[PDB]
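S.K.: got a sequence here, can you model it:
(2 chains, ligands or ions: 2)
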There are 2 protein chains.
Amino acid sequence: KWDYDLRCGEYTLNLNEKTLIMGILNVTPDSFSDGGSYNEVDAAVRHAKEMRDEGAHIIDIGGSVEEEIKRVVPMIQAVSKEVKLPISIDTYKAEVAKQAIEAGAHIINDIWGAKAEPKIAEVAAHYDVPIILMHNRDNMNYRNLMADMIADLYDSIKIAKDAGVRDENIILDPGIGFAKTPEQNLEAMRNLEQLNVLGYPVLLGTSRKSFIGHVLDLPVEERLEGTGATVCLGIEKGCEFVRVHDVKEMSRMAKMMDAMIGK
Amino acid sequence: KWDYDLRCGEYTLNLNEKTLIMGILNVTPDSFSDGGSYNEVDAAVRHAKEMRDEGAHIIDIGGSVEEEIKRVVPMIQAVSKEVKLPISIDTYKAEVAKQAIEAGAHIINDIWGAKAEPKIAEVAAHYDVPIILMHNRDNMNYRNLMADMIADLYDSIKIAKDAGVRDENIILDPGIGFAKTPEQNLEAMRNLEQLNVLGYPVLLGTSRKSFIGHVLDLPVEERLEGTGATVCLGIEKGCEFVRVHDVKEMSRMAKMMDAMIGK
Ligand SMILES: CN1CC(C(=O)O)=Nc2c1nc(N)[nH]c2=O
Ligand SMILES: CN1CC(C(=O)O)=Nc2c1nc(N)[nH]c2=O
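M.R.: Numbers count the residues shown, from 1 in each chain, chains lettered A, B, ... in the order given. Ligands and ions are numbered 1, 2, ... in the order given. Next comes the structure:
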């Protein structure tokens, strides 16, 4: 039982009711504009709407600098305006983070857990938004995957907390498919429960990734069942959100898991 | 680690390699014959073949008396002849069991765990085939679901062993959707691991069932994700086979689970 709720300004997310579903917003960028043009933003809104209907709880948006903003800001403007859901912003850059939250984004999603740009934690602290700290590194000289993962994630927490970030605005993420061989990803999957000793909600993103292809020997568009299995173990191992492409399918697996495990 | 293999005469099933997939053979019966006619047997063979291609390890066949045989015997004859896989026979009747094994079936699948016709365990003992003892009762006056389930299953084991059945020819099954309310099924799902103390391989059959519909509020043809989730937890909780309709989909989830848990 989490003794608090995830506060997202306008929106609130309860962590005891269900596994929360983060939908990956896919942005096929107009090869012709810098950003903001009708086709890409319309497609993003449309797609945000579909995922809202498929049972999504968060819309994840993003995926240099000067024009990271120009691409991402108009999408957040349009989506928050048109879809009643918390939007997480997918960046490791401090300036982008500010602009996006200023544009209407509610959560930070940092694939570098404040190590790329430590300044981001201050933006997170300033606007008081929840920040997702994901495990990542430039190397895989793991002495001991899980011990190092937990050590690394903790170094992220230090940076966040030292910048003013409240414990209740911290979410952790094992960072599957990042700085981890196919076997290390499996090992992380198998030991997810260990991240719980840190005392923070955990998000898992395994949607359609390489290690699934590695196991099943199947291309990206053929990874739904593989993804499902990772989401189920993830829920069984105690994670609070899952970051997925297939919102309809994963929502139903999430919900069935929830019922069975008693969430 | 199981220190033995599942011996099915012509075929052998290793229990340490993977979760074994039992495909439910669906028999749309010719409304016109008693059994044996071309359309129903052709459809069964065809369907057996499809599941063999989708990654199935066992074909489950069956689903009065005098004509249980007439329906089921010609199907086993044709399928064993045409598909190189162990066939389980789905009956609680002693006479049917004999005929089916005589017709080429390898495993007994008893939804009454030898309580309907105790004589079946002797057939099982005689032909030396593996028998699946499923949990079942006529009532749900459970004092304590899991304690009673284990007690009941044990009463099945007694009957089997007393009739000559070797420990290594015994498989257990929690019997989801039988003599259990929607909540009791969930409770069984949540406590599957407890069946392991009995020391026998466990098979789980949850494919497309009511309790999935109950949770997700969805019709039978819409229960793939729900089924998937039950199969994943089942594998996580240590079961050895799953009995499913959707062989292609469940095979892939099974295989991804296997990789992650380290089977
Ligand atoms: C922004 N991305 C991207 C990502 C990927 O591209 O695989 N995975 C993840 C991610 N964010 C989070 N929080 N977790 C992921 O696994
Ligand atoms: C023959 N049937 C039928 C069945 C069902 O109709 O739900 N479930 C099961 C079954 N056999 C086994 N071993 N397990 C089941 O759950």
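S.K.: just confirm yes or no for the helix or strand harbouring residue A:186 near ligand 1.
M.R.: If you go by DSSP states H and E, residue A:186 is part of helix A:182-190. No. Helix A:182-190 stays clear of ligand 1 (C-beta under 6 Å from any ligand atom), getting no nearer than 10.6 Å. Just so you know, the C-beta spots here come from the backbone N, C-alpha and C atoms, and that holds for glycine as well.
S.K.: in the stretch 151-263 of chain A, which spans are helices?
M.R.: Taking DSSP state H, counting those that start in this stretch as the test, the helices found in the stretch 151-263 of chain A are A:182-190, A:210-216, A:224-236, A:247-261.
S.K.: please enumerate the strands of the stretch 51-200 of chain A.
M.R.: A:58-61, A:87-90, A:107-110, A:131-134, A:170-173 (DSSP state E, counting those that start in this stretch).
S.K.: quick one: distance of the first one to the chain centre.
M.R.: A distance of 8 Å separates the C-alpha centroid of strand A:58-61 from that of its chain, computed with C-alpha atoms, centre = their mean, to the nearest Å.
S.K.: please apply the same query to the fourth one.
M.R.: The gap between where strand A:131-134 is centred and where its chain is centred comes out at 8 Å by C-alpha atoms, centre = their mean.
S.K.: mind giving me the packing neighbours of it?
M.R.: Counting by 3 or more C-beta pairs under 8 Å, 6 or more residues apart in numbering or on different chains; DSSP states H and E, the packing neighbours recorded for strand A:131-134 are strand A:107-110, helix A:119-127, helix A:145-162, strand A:170-173.
S.K.: out of the ones you listed, nearest to residue A:203?
M.R.: strand A:170-173 (4.7 Å; C-beta to C-beta).
S.K.: would you mind listing what in the stretch 101-250 of chain A touches ligand 1?
M.R.: For the stretch 101-250 of chain A, the contact set with ligand 1 under C-beta under 6 Å from any ligand atom comprises A:109, A:111, A:132, A:134, A:173, A:175-177, A:203, A:205, A:209, A:243.
S.K.: measure the residue in chain A sticking out farthest from the centre to residue A:17 for me?
M.R.: Residue farthest from the centre of chain A, counting by C-alpha atoms, centre = their mean, is residue A:32 at 28.6 Å. Distance, residue A:32 to residue A:17, using C-beta to C-beta, to the nearest Å: 43 Å.
S.K.: once you drop chain neighbours, what's closest to residue A:146?
M.R.: Excluding the flanking residues, the one nearest residue A:146 by C-beta to C-beta, 6 or more residues apart in numbering or on different chains is residue A:191, at 4.9 Å.
S.K.: got the helices and strands packed on strand A:131-134 as TSV, with distance to residue B:5 and mean neighbour count columns?
M.R.: Putting these into TSV (distance: least, C-beta to C-beta, whole Å; neighbours: other C-beta atoms under 10 Å in any protein chain shown) gives the following:
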stretch	distance to residue B:5	mean neighbour count
strand A:107-110	48	29
helix A:119-127	56	22
helix A:145-162	33	18
strand A:170-173	41	24
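S.K.: can you put those in CSV and add distance to residue A:44?
M.R.: Conversion of the helices and strands packed on strand A:131-134 to CSV gives the following (distance: least, C-beta to C-beta, whole Å):
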stretch, distance to residue A:44
strand A:107-110, 16
helix A:119-127, 22
helix A:145-162, 29
strand A:170-173, 23
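S.K.: distance to ligand 2 added to those, as JSON lines?
M.R.: What follows is these, written out as JSON lines (distance: least, C-beta to the nearest ligand atom, whole Å):
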{"stretch": "strand A:107-110", "distance to ligand 2": "42"}
{"stretch": "helix A:119-127", "distance to ligand 2": "49"}
{"stretch": "helix A:145-162", "distance to ligand 2": "36"}
{"stretch": "strand A:170-173", "distance to ligand 2": "37"}
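S.K.: related to what we said a few turns ago, give me the neighbour count for the residue nearest to residue A:146.
M.R.: 15 (other C-beta atoms under 10 Å in any protein chain shown).
S.K.: cool, the one 3 residues further on as well?
M.R.: Residues contacting residue A:194 under the criterion other C-beta under 10 Å number 16.
S.K.: ok, residue A:204 touching residue A:233?
M.R.: No. Counting by C-beta atoms under 8 Å, residue A:204 does not reach residue A:233; the two are 9.1 Å apart.
S.K.: overlap in contacts of these two?
M.R.: residue A:192 (C-beta atoms under 8 Å, 6 or more residues apart in numbering or on different chains).
S.K.: and these two? which has more neighbours close in?
M.R.: Neighbours were counted for residue A:204 and for residue A:233 using other C-beta under 10 Å; residue A:204 has more, 29 against 25.
S.K.: what's near enough to touch that one?
M.R.: Residue A:204 neighbours (C-beta under 8 Å, 6+ apart): A:173-174, A:176, A:192, A:230-231, A:234, A:239, A:241-243.
S.K.: quick check: closest non-adjacent residue to it.
M.R.: residue A:234 is the one closest to residue A:204 (C-beta to C-beta, 6+ apart), at 4.2 Å.
S.K.: I'd say that neighbour and residue A:203 touch.
M.R.: No. Assessed by C-beta under 8 Å, residue A:234 is found out of contact with residue A:203, at 9.3 Å.
S.K.: now the common contact residues for those two.
M.R.: Common contact partners of residue A:234 and residue A:203 (C-beta under 8 Å, 6+ apart): residue A:242.
S.K.: so which residue of chain A comes closest to ligand 1?
M.R.: residue A:205 (2.3 Å; C-beta to the nearest ligand atom).
S.K.: residue numbers of chain A in contact with chain B?
M.R.: Within chain A, the positions near chain B by C-beta under 8 Å from any C-beta of the partner chain are A:186, A:189-190, A:212, A:215-216, A:218, A:225-226, A:228-230, A:232-233, A:236, A:249-250, A:252-253, A:255-257, A:259-262.
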